[PDB]
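This report refers to the structure that appears directly beneath it.
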Amino acid sequence: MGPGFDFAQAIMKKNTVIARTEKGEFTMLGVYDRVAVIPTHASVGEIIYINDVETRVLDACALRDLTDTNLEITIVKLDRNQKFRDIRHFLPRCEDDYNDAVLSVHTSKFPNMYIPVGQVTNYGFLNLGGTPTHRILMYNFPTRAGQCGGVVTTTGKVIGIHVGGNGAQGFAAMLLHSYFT
């Protein structure tokens with residue numbers, strides 16, 4: 001309906017796939033080449049379904065910071081016959097706070113879903129399902145089951161992926177440029 005939704009749509013239409021693991025269906029953001037991200041709680045194995053196609057996982061890495069704390073991001077390399085558009089130049093270099101974000105989801109359950117979540121706080125530490133987690137972003141929107149992996153964008157930047165919520169607030173894991181060099 002406006003410039004925030006326009007940037008979010010441009011990312012969803014070219015840089016997302018529907019990923020299915022034994023833990024359910026997730027929005028999955030493709031970043032470059034055959035490299036994508038998904039929340040670590042999706043529990044990626046040797047085989048994943050991508051848009052309902054059986055796909056071999058060539059490599060998967062659950063990121064942790066240098067303090068050996070969970071970041072809740074898993075980087076996956078897919079055995080797919082097509083590259084993603086390279087969107088690494090839309091990733092922030094540093095931890096930050098942001099105005100006016102959109103959370104965008106695409107699954108069987110929630111196709112073509114765009115949520116104006118508003119201001120985004122560099123929250124930092126979160127006990128996420130009992131797991132100490134760093135580099136969390138927070139927004140005051142009552143996000144729901146089925147939005148995990150959703151892409152958080154501002155106009156011009158891809159800043160995080162949705163990893164959880166408490167009924168009032170939603171939480172995203174930061175995407176940083178340095179994860180994808």
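Starting from 1, each residue takes its place in the sequence as its number. Note: hydrogens, waters and symmetry copies are ignored here, and every other heavy atom, side chains too, is used.
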Within the distance-only criterion (no hydrogens, no angle test), does the side chain of [X] pair as donor or acceptor with the backbone N or O of [Y] below 3.5 angstrom?
X	Y	value
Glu54	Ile47	no
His162	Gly164	yes
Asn15	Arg85	yes
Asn51	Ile18	yes
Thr121	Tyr123	no
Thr55	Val53	yes
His106	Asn112	yes

Might you point out which heavy atoms bring [X] and [Y] nearest each other, and give the distance in Å?
X	Y	value
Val76	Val44	CG2-CG2, 4.0 Å
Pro39	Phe26	CD-CD2, 4.3 Å
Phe141	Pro116	CD1-O, 4.3 Å
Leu128	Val163	CD2-CG2, 3.9 Å
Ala145	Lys109	O-NZ, 3.2 Å
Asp96	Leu137	O-CD2, 3.6 Å

Could you measure the distance from the [atom1] atom of [X] to the [atom2] atom of [Y]? Nearest 0.5 Å is fine.
X	Y	atom1	atom2	result
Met12	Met113	CE	CE	10.0 Å
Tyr98	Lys157	OH	NZ	6.0 Å
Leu126	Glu72	CG	CD	10.0 Å
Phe90	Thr153	CZ	OG1	11.0 Å
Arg64	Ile73	CZ	CD1	13.0 Å
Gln9	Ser104	CD	OG	10.0 Å

May I ask you to test the [X]-[Y] pair for a side-chain heavy-atom distance under 4.5 Å?
X	Y	answer
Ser43	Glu22	no
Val152	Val102	no
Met174	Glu95	yes
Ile75	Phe180	yes
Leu91	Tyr179	no

Test log, rule side-chain contact (heavy atoms from CB on, under 4.5 Å), inputs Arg34 and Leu58: CA-CA 9 Å; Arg34 294 165 292 167; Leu58 296 176; 3.8 Å; yes
Tell me whether the NZ or CZ atom of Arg88 lies within the 45° cone about the ring axis of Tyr32 and under 6.0 Å from its centre. yes
Any chance you could lay out the side-chain contact (heavy atoms from CB on, under 4.5 Å) test for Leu103 and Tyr114, step after step, and finish with the verdict? CA-CA 6 Å; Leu103 169 60; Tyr114 299 81; over 6 Å; no
Pair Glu46 + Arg56: basic N to acidic O under 4.0 Å: no
Distance only, no hydrogens: is a donor on one side chain within 3.5 Å (strictly under) of an acceptor on the other, for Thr40 and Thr74? yes
Same apolar cluster (I L V M F W Y, side chains within < 4.5 Å links), [X]/[Y]:
X	Y	answer
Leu176	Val151	yes
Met28	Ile159	no
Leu175	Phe84	no
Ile50	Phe110	no

Quick check: are there more than 12 heavy atoms from other residues, nucleotides or ligands sitting under 6.0 Å from CD of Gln119? no
Is the gap between the ring centers of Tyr139 and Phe171 under 6.0 Å? no
Can you check side-chain hydrogen bond (donor to acceptor under 3.5 Å, both in side chains) on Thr131 and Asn70, steps first, answer last? CA-CA 7 Å; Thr131 297; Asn70 182 51; 5.4 Å; no
Assess whether side-chain contact (heavy atoms from CB on, under 4.5 Å) is satisfied between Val158 and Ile11, documenting all intermediate values. CA-CA 8 Å; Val158 176; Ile11 299 291; 3.8 Å; yes
Checking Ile38, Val17, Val37, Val35 against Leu29 for side chain to side chain contact (heavy atoms under 4.5 Å, CB included), the one that qualifies is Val37
